[PDB]
Amino acid sequence: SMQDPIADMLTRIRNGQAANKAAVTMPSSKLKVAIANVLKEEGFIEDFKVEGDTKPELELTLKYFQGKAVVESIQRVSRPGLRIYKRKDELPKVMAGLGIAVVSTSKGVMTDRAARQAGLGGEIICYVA
Amino acid sequence: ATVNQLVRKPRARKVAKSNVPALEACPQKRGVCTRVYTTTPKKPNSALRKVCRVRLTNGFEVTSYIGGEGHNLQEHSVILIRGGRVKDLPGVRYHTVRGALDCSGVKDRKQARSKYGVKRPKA
Amino acid sequence: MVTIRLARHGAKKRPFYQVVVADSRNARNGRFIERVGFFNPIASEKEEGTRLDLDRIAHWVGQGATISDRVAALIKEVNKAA
Amino acid sequence: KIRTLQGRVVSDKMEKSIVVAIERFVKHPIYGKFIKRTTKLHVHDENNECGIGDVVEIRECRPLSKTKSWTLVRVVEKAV
Amino acid sequence: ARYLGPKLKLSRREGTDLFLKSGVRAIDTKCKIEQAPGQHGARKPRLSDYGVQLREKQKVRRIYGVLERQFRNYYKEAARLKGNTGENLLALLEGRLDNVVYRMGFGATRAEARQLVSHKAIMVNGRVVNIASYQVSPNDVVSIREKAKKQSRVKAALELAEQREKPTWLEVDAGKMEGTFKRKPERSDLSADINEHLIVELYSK
Amino acid sequence: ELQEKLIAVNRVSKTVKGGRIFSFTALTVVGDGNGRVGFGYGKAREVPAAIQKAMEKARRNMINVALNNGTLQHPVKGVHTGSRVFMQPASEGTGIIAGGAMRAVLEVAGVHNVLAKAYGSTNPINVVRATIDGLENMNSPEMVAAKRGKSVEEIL
Amino acid sequence: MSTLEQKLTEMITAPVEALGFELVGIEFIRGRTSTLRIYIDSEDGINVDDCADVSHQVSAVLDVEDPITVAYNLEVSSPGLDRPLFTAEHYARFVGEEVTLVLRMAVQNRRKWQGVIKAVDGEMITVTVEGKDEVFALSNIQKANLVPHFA
RNA sequence: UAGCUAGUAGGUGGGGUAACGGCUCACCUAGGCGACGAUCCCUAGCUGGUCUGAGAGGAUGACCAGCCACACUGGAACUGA
RNA sequence: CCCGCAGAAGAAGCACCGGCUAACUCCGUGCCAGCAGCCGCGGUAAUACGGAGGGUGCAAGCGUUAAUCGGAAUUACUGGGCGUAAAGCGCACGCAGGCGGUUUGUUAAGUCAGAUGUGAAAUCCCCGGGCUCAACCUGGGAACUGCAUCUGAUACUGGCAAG
Ligand SMILES: [Mg+2]
Ligand SMILES: [Mg+2]
Ligand SMILES: [Mg+2]
Ligand SMILES: [Mg+2]
Ligand SMILES: [Mg+2]
Ligand SMILES: [Mg+2]
Ligand SMILES: [Mg+2]
Ligand SMILES: [Mg+2]
Ligand SMILES: [Mg+2]
Ligand SMILES: [Mg+2]
Ligand SMILES: [Mg+2]
Ligand SMILES: [Mg+2]
Ligand SMILES: [Mg+2]
Ligand SMILES: [Mg+2]
Ligand SMILES: [Mg+2]
Ligand SMILES: [Mg+2]
């Protein structure tokens, strides 16, 4: 029973970049889109696109820089089995700020940097690198 | 070992069974030897191990290695014991102190005499 | 009753007095209510040894607090200090 | 503004009083997993006017029995 | 609480100069500076990194004369401060009153200078002080009490100071035998043989 | 202008028809003190040979790590052959706080300030098998910028 | 039974006897550890050091004339406060002290009791248990110790 | 150590208390507690802190400060803010 | 606290030197013994037992024992495992429990933000000040990660409703 769509989405990229696919796709969701959009403009992929209406699927164009995937380490932190929330000041840093931590706030979903810009805690979803 | 199992059963940790039980955290204990005896090892190893059965103030009877080079002990000789375990002795987890409480001050030792109570010889 | 007095601090032969308010039934260095300054007998002009929040004091004696004679003198000083 | 809690009765087998069970969602101290904890109570049901399961709202008051210290203030759903 | 054996044995053990004698002669003239002391002191042992660390620690101690327990205090405080710990460690080691006096050339050897401090001969900022480990502050002005301004040793040491490099951070006036600790000395202001990073590494074991 | 350091030497056996024949395995690293380092390990019949040949292989294999200022650019771990090694940059002048085996590796590479710690088994060859990999897996503040197609501050 | 303890007794008795020392009990334990324990009786007193002297001499005669071929372990001992009594004569020497004893048979009503010696005979030892002056055949006693109590 | 409890759980009335209250009593109701550990058993004064630890934690509660408890043992009260 | 006086004059020891672990030989020594935190040690030579010389460490102390944490990721929340090393129930069903696809609305519980109250003093920490230094004492601050309350925020999780 798929008791998490997000982790699946991520592994679909990890097992995607590993298998060196050109592109991967998932059953979409208004959340995953927001997840994609932020990392999309964060250079970790080229572009996403979603089609279909009754079962809209999201589809992602993976990235490779020099025979190597741009994104290389992905981990869902706040998982259904154990949630995670962080206040403003304790917003983590991924690889000394080289990585990125995607966090949802009441003001939506954005990178950790943007969060501590607005000064908003939230739920840490994934560490990307 | 998932978190939902920890909340129903926190991780335990076994206690530190004191290898020196008969001391009960006392750095030393006073005792009276209820027996004196020596033991040689098997055929290949030839040596003599000095050791006394001693009843402690707490009521325990134990085995304490005789430091050696001072042997003036016999039944009803009081003695102070400290927890030291020598290799090659199965039940000896204690060493008799040398230099106090009814233990002969060992013959003159020019080296490491404090570990035997020998006072600095005044030439 | 509720009084303003001196608790002794510092070290042997070098005493330091925190002027506090407390129920008289409490030990000289027991609990108190509102530390309101300090006293140093051995300042010798090296540093101030009399700082008082006398208005807070005034507020207290205003509502029935009584004054140890020592600090009563101390209060007189800062007023003379002006 | 008065304070108040919003629990849910689990029993009313007693004269003019009820057993409300509150539910607080708390994060575990060490293991970080959020958990739900209940705090049963003994609320004074004036007039004996609450069924079972019907979610209620209470308020803390001076002691009224060996157990009760809480007064009901309203009912927000009547036990469908 | 101070080492009182022979001096050169240390240098011969630490295999370098330590300025443990007035310096009117060269070390080799007075010892086998190139070779460790003792019977086996001739052979060159195969030491260890740990051995290196220890040997560098004992150096900076011996070159300054701080015993062990008092030393790591300097360290355990030096680490607490800001900036490069092992750096400022030497900085405060350069702050010991005697050392400053020695740097000011009032005393040929630090011990000789230390004996002065211990013998109530020096006033920092006009007031007397006799603890050798007395740290000093910038702009302080040490001096010689007149009860010793005529001591034969102080003038001879001043006549030996200029034979060595005039320190920068602190400025002296040998005319009236009193100087000024203007600036806290910098790392470069010291020597380069000292490897402060391994000195930290040692205590960080 | 290179820099070398032996790590460990073991006497390994080899049982033959009549008895055995011991040998000697050396293990060493070589670095340029400038974020470029390799390691070598070679058996031989007696120590100086092993120490010699193993020293030479390490002159090849010298990867070039993109450290900055005697310290890493981000915490990093590396796991190889049952040995786990955590490292992370440290403040200025902190020093090389590391177990024995790693310390040389960190030293010859050019690192000056780094915290570190090993885990699991502490077999020396394994941890260096487990360290250099961890080292090269560092990422410059522009390797990302490049591979992320951004400017440096665009990540920083 | 007796692992030729007879020879063990002679082999130990000779050097011990040469020491002017009296021999009292010989016990050997096989399996747990092939260790032999010897009880000696010196009127002046028994230090460990003397136990070493006899341990060396007995070890010497033991080495040449040992055909049991068990592991070579054996300790020298001097009577403890709780000291085993094997001879009728030993029972005689301790006229009026408490001695514990256990019957060889593990059948019900076995004499696992202690008493105070009232009279001593060869085959029969009188010890008082439950207010009764009982008489015990020492051969039918598995093991017995005297005054485990320390005063 | 799995059930525990009959003044037990609740109500009415009276008494009682400086004060609310099974505090007590009458009366009525038949409850109340428990696997979110009741009950039972062993151990223990509690905290600020203290030691250790990179941290999270682990340990601990000597000194000093806050709180509690006790004053040969057991029981009872009197006086009195 | 100061001044004067006399005179180097009244004042250095304890462990250890096979490895771990800084520091080595001589002579006995005979596996006799003794040494021992572990691994180990001892023969006709032992840098490991004893003495000696020399050396290392520490110092008015130095060692031994005890006790606690650490090292120990060796209860692994941070931060472990379970084919064969210890560890997947013989299998299944299933209550409690845990967890839950997707869209909208609503809620504001969780969550986040802010405010406010409180979180004794001492202690710890920063910046000072004072005892000749230091320990020590002291000013001020920081912090006390908490709790409560109020006002917001609605992405997320929960609730409700409708799909
Ligand atoms: Mg001292
Ligand atoms: Mg060495
Ligand atoms: Mg009533
Ligand atoms: Mg009434
Ligand atoms: Mg740790
Ligand atoms: Mg006390
Ligand atoms: Mg009265
Ligand atoms: Mg642990
Ligand atoms: Mg494991
Ligand atoms: Mg099975
Ligand atoms: Mg099933
Ligand atoms: Mg649910
Ligand atoms: Mg859902
Ligand atoms: Mg406080
Ligand atoms: Mg000052
Ligand atoms: Mg919802």
# chains A, B, ... in the order shown; residues from 1 in each chain; ligands from 1
>>> residues_near_ligand(ligand="ligand 8", cutoff="8 Å", atoms="only C-alpha atoms (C1' of nucleotides) and all ligand atoms", output="ChimeraX atom specification")
/I:72-76
>>> write_last_selection(atoms="C-alpha atoms (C1' of nucleotides)", output="PDB file, in the first residue's frame")
ATOM      1  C1'   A I  72      31.215   2.438  23.334  1.00  0.00           C
ATOM      2  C1'   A I  73      27.811   3.641  16.954  1.00  0.00           C
ATOM      3  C1'   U I  74      28.445  -1.570  23.102  1.00  0.00           C
ATOM      4  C1'   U I  75      20.339   0.085  23.465  1.00  0.00           C
ATOM      5  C1'   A I  76      22.627   3.138  17.929  1.00  0.00           C
TER       6        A I  76
END
>>> residues_near_ligand(ligand="ligand 2", cutoff="8 Å", atoms="only C-alpha atoms (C1' of nucleotides) and all ligand atoms", output="list in words")
residues 47, 48 and 51 of chain E; 21, 22 and 23 of chain I
>>> residues_near_ligand(ligand="ligand 3", cutoff="12 Å", atoms="only C-alpha atoms (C1' of nucleotides) and all ligand atoms", output="ChimeraX atom specification")
/D:64-65 /H:11-16,20-26
>>> residues_near_ligand(ligand="ligand 9", cutoff="12 Å", atoms="only C-alpha atoms (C1' of nucleotides) and all ligand atoms", output="PyMOL selection string")
(chain F and resi 82+119-121) or (chain I and resi 73-76+80-82+85-87)
>>> interface_residues(of="chain I", to="chain D", cutoff="10 Å", atoms="only C-alpha atoms (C1' of nucleotides)", output="list in words")
residues 77, 78, 109, 110, 149 and 158 of chain I
>>> residues_near_ligand(ligand="ligand 16", cutoff="9 Å", atoms="only C-alpha atoms (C1' of nucleotides) and all ligand atoms", output="PyMOL selection string")
chain I and resi 107+157-160
>>> residues_near_ligand(ligand="ligand 11", cutoff="12 Å", atoms="only C-alpha atoms (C1' of nucleotides) and all ligand atoms", output="list in words")
residues 91, 92, 93 and 94 of chain I
>>> write_last_selection(atoms="N, CA, C and O atoms (P, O5', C5', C4', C3', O3' and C1' of nucleotides)", output="PDB file, in the first residue's frame")
ATOM      1  P     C I  91       6.315 -18.125   9.800  1.00  0.00           P
ATOM      2  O5'   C I  91       4.879 -18.500   9.237  1.00  0.00           O
ATOM      3  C5'   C I  91       4.719 -18.959   7.910  1.00  0.00           C
ATOM      4  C4'   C I  91       3.284 -19.308   7.612  1.00  0.00           C
ATOM      5  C3'   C I  91       2.292 -18.171   7.696  1.00  0.00           C
ATOM      6  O3'   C I  91       2.289 -17.369   6.535  1.00  0.00           O
ATOM      7  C1'   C I  91       1.424 -20.051   8.811  1.00  0.00           C
ATOM      8  P     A I  92       1.853 -15.834   6.630  1.00  0.00           P
ATOM      9  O5'   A I  92       0.295 -15.896   6.950  1.00  0.00           O
ATOM     10  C5'   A I  92      -0.612 -16.404   5.990  1.00  0.00           C
ATOM     11  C4'   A I  92      -1.973 -16.670   6.582  1.00  0.00           C
ATOM     12  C3'   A I  92      -2.768 -15.463   7.031  1.00  0.00           C
ATOM     13  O3'   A I  92      -3.388 -14.803   5.949  1.00  0.00           O
ATOM     14  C1'   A I  92      -2.944 -17.194   8.635  1.00  0.00           C
ATOM     15  P     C I  93      -3.785 -13.257   6.064  1.00  0.00           P
ATOM     16  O5'   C I  93      -5.011 -13.252   7.073  1.00  0.00           O
ATOM     17  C5'   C I  93      -6.247 -13.841   6.712  1.00  0.00           C
ATOM     18  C4'   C I  93      -7.200 -13.854   7.874  1.00  0.00           C
ATOM     19  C3'   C I  93      -7.471 -12.510   8.512  1.00  0.00           C
ATOM     20  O3'   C I  93      -8.435 -11.765   7.802  1.00  0.00           O
ATOM     21  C1'   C I  93      -7.052 -14.114  10.190  1.00  0.00           C
ATOM     22  P     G I  94      -8.319 -10.172   7.725  1.00  0.00           P
ATOM     23  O5'   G I  94      -8.595  -9.703   9.214  1.00  0.00           O
ATOM     24  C5'   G I  94      -9.859  -9.921   9.813  1.00  0.00           C
ATOM     25  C4'   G I  94      -9.786  -9.747  11.303  1.00  0.00           C
ATOM     26  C3'   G I  94      -9.243  -8.415  11.781  1.00  0.00           C
ATOM     27  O3'   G I  94     -10.211  -7.391  11.782  1.00  0.00           O
ATOM     28  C1'   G I  94      -8.146 -10.141  12.919  1.00  0.00           C
TER      29        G I  94
END
>>> residues_around(residues="residue 81 of chain A", least_positions_apart="4", cutoff="8 Å", atoms="only C-alpha atoms (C1' of nucleotides)", output="PDB file with C-alpha atoms (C1' of nucleotides), in the first residue's frame")
ATOM      1  CA  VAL B   3      10.101   4.598  16.245  1.00  0.00           C
ATOM      2  CA  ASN B   4       6.599   3.322  16.871  1.00  0.00           C
TER       3      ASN B   4
ATOM      4  CA  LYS D  33       7.028  11.030  16.836  1.00  0.00           C
TER       5      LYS D  33
ATOM      6  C1'   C I  99      -0.340   4.584   8.837  1.00  0.00           C
TER       7        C I  99
END
>>> residues_near_ligand(ligand="ligand 13", cutoff="9 Å", atoms="only C-alpha atoms (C1' of nucleotides) and all ligand atoms", output="JSON, numbers by chain")
{"A": [3, 4], "I": [100, 101, 102, 157]}
>>> write_last_selection(atoms="N, CA and C atoms (P, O5', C5', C4', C3', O3' and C1' of nucleotides)", output="PDB file, in the first residue's frame")
ATOM      1  N   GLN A   3       1.653   4.235   1.074  1.00  0.00           N
ATOM      2  CA  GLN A   3       1.301   5.172   2.126  1.00  0.00           C
ATOM      3  C   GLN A   3       2.156   6.423   2.097  1.00  0.00           C
ATOM      4  N   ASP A   4       2.800   6.701   0.981  1.00  0.00           N
ATOM      5  CA  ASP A   4       3.460   7.979   0.776  1.00  0.00           C
ATOM      6  C   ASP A   4       3.658   8.216  -0.708  1.00  0.00           C
TER       7      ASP A   4
ATOM      8  P     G I 100      -0.207   9.240   7.798  1.00  0.00           P
ATOM      9  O5'   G I 100      -0.985   8.713   6.522  1.00  0.00           O
ATOM     10  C5'   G I 100      -0.282   8.404   5.336  1.00  0.00           C
ATOM     11  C4'   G I 100      -1.157   7.673   4.360  1.00  0.00           C
ATOM     12  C3'   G I 100      -2.323   8.461   3.793  1.00  0.00           C
ATOM     13  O3'   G I 100      -1.912   9.247   2.687  1.00  0.00           O
ATOM     14  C1'   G I 100      -3.043   6.304   4.479  1.00  0.00           C
ATOM     15  P     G I 101      -2.969  10.061   1.800  1.00  0.00           P
ATOM     16  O5'   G I 101      -3.255   9.111   0.553  1.00  0.00           O
ATOM     17  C5'   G I 101      -2.193   8.631  -0.259  1.00  0.00           C
ATOM     18  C4'   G I 101      -2.598   8.482  -1.708  1.00  0.00           C
ATOM     19  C3'   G I 101      -3.059   9.745  -2.408  1.00  0.00           C
ATOM     20  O3'   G I 101      -1.962  10.495  -2.883  1.00  0.00           O
ATOM     21  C1'   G I 101      -4.495   7.929  -2.953  1.00  0.00           C
ATOM     22  P     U I 102      -2.004  12.089  -2.838  1.00  0.00           P
ATOM     23  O5'   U I 102      -3.267  12.449  -3.727  1.00  0.00           O
ATOM     24  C5'   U I 102      -3.201  12.357  -5.137  1.00  0.00           C
ATOM     25  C4'   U I 102      -4.499  12.782  -5.756  1.00  0.00           C
ATOM     26  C3'   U I 102      -5.047  14.097  -5.246  1.00  0.00           C
ATOM     27  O3'   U I 102      -4.519  15.177  -5.985  1.00  0.00           O
ATOM     28  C1'   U I 102      -6.749  12.441  -5.248  1.00  0.00           C
ATOM     29  P     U I 157      -0.733  16.921   3.672  1.00  0.00           P
ATOM     30  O5'   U I 157      -1.110  16.238   5.051  1.00  0.00           O
ATOM     31  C5'   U I 157      -0.159  15.432   5.721  1.00  0.00           C
ATOM     32  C4'   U I 157      -0.454  15.348   7.191  1.00  0.00           C
ATOM     33  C3'   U I 157      -1.916  15.263   7.562  1.00  0.00           C
ATOM     34  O3'   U I 157      -2.440  13.963   7.413  1.00  0.00           O
ATOM     35  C1'   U I 157      -0.834  16.818   8.959  1.00  0.00           C
TER      36        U I 157
END
>>> residues_around(residues="segment 61-70 of chain C", least_positions_apart="5", cutoff="10 Å", atoms="only C-alpha atoms (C1' of nucleotides)", output="PyMOL selection string")
chain C and resi 1-6+19+21-24+54-56+75-76
>>> residues_around(residues="residue 32 of chain A", least_positions_apart="2", cutoff="10 Å", atoms="only C-alpha atoms (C1' of nucleotides)", output="JSON, numbers by chain")
{"A": [5, 6, 9, 10, 26, 27, 28, 29, 30, 34, 35, 36, 37, 58]}
>>> write_last_selection(atoms="C-alpha atoms", output="mmCIF file, in the first residue's frame")
data_model
loop_
_atom_site.group_PDB
_atom_site.id
_atom_site.type_symbol
_atom_site.label_atom_id
_atom_site.label_comp_id
_atom_site.auth_asym_id
_atom_site.auth_seq_id
_atom_site.Cartn_x
_atom_site.Cartn_y
_atom_site.Cartn_z
ATOM 1 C CA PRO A 5 3.485 9.634 -2.621
ATOM 2 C CA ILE A 6 6.354 12.013 -1.995
ATOM 3 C CA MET A 9 8.323 10.616 -6.201
ATOM 4 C CA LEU A 10 11.828 11.125 -4.863
ATOM 5 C CA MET A 26 4.575 10.197 -11.699
ATOM 6 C CA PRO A 27 0.862 10.393 -10.993
ATOM 7 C CA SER A 28 0.758 14.114 -10.371
ATOM 8 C CA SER A 29 -0.615 16.053 -7.397
ATOM 9 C CA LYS A 30 -0.859 19.739 -6.565
ATOM 10 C CA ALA A 34 5.003 22.682 -5.991
ATOM 11 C CA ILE A 35 7.825 20.333 -5.032
ATOM 12 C CA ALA A 36 9.019 20.234 -8.622
ATOM 13 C CA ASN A 37 8.643 23.943 -9.334
ATOM 14 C CA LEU A 58 3.601 14.810 -13.756
#
>>> residues_near_ligand(ligand="ligand 7", cutoff="12 Å", atoms="only C-alpha atoms (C1' of nucleotides) and all ligand atoms", output="MDAnalysis selection string")
chainID H and resid 77:81
>>> closest_residue(among="H:36, H:2, H:64, H:69", to="chain C", atoms="only C-alpha atoms (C1' of nucleotides)")
H:64
>>> interface_residues(of="chain F", to="chain E", cutoff="7 Å", atoms="only C-alpha atoms", output="ChimeraX atom specification")
/F:92-93,95-97
